């Protein structure tokens, strides 16, 4: 590693840290120490700790020359910052995965380099290694994988896993302005054999397929990815770009992904894009970037942008991936703020953090009004039984979906200094939206019915 380049960045961060307005900084969501965060990267388990990286531009609250930020956790709730894992050189350090080989945590990441031809960039897969889980050195012979079908300039966001005697990777690409994902495999992590175009847009599924993922859940293969170029369709695909999944079966003989290509959005909120998953304890954990491309970031002017979501546990119930907060998220709970009846127009007061478990009768309207103690911008969460929809109105911008409850009719709502995550029922309908208002959260019952509300303040689990 370049000791000069590193030390200079560590001291830029340690100094720039004092200029970070804390007003919107999350208490219990992963945020960059300073500057810009986008897609989470290389979700891994190495030496008794979950490791997570992320697309990181230290020097400003907007996108720029891509670094890998780095955090670790015992419980997937509390996270410590580590030194910047990857600093760009000739290549920007674009998204990718991480896997444990020997004593080593191995990062497989896309290196984007400039060119002087129409695309004006090229994408290949770079290796970096660590034995201490702190310092990362790039492989002398990078890139280890350069071949992409139709010589497409788009070739990014490898998700690597081990099955039998091979590492497999799914990688995002385009061709004739159609999104696609490519399956490769290696015996040694250095030499990569192309297997198949796992899926491709027929025209209606966008021009680029970012942050692909592939894993088993509920006895099925999930292809989870971030397509760009979907048209809004009724209530769906309203965000700048989408994250969603196909259900099917990956055949490890034919390397064919057999699916009906029934697309579903994972998260119905305003600010959900680009996911990572890991499997352990017989569970499937997922985390996403808690922002959206080409829309205002109200925290930008405070010298930072972006958080992750809460880590969610996945299940496949029928045809639906449910998301729920971690079983032990209740460890965040400090003060018990409310229990039982919350009458019409009655309000609950928090600090910057809130957990609310609410139930009403689904025969009548449910509505929460969420706003700062000192007023400012409003977010409303509504059950409208006329249309059978959950509606998150974030400062006038609507996200809504039909909700057919699996079982539980209760909602679990998590507020952080500048975020909202609504888990409806058993997690079949989830909204993740960034929210901003003036001061400590006040939540008012706007419903024409009394709600049952269990409410807590939540402690910090991440740095300022």
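Numbering follows the first chain given and starts at 1.
Of the two segments, 300 to 308 and 160 to 168, the one listed with the higher mean B-factor is 160 to 168 (C-alpha atoms only). Relative to its counterpart among 413 to 421 and 40 to 48, 40 to 48 has the higher mean temperature factor, C-alpha atoms as listed in the PDB entry.
When the C-alpha B factors of 233, 138, 389, 261 are read from the deposited coordinates, the top value falls at 138. Note on 194, 209, 285, 273: the highest value goes to 194, judged by CA B factor as recorded. Among the modelled residues of its chain, residue 454 has a C-alpha B-factor that falls in the middle third, as given in the PDB entry. In the deposited entry, the Cα temperature factor of residue 257 sits in the middle third of values across the chain's modelled residues. Sorting the modelled residues of the chain by their CA temperature factor places residue 340 in the middle third. Among all modelled residues in this chain, the alpha-carbon of residue 368 has a temperature factor (C-alpha) in the lowest third.
Split the chain's modelled residues into thirds by C-alpha temperature factor. Residue 113 is in the highest one.
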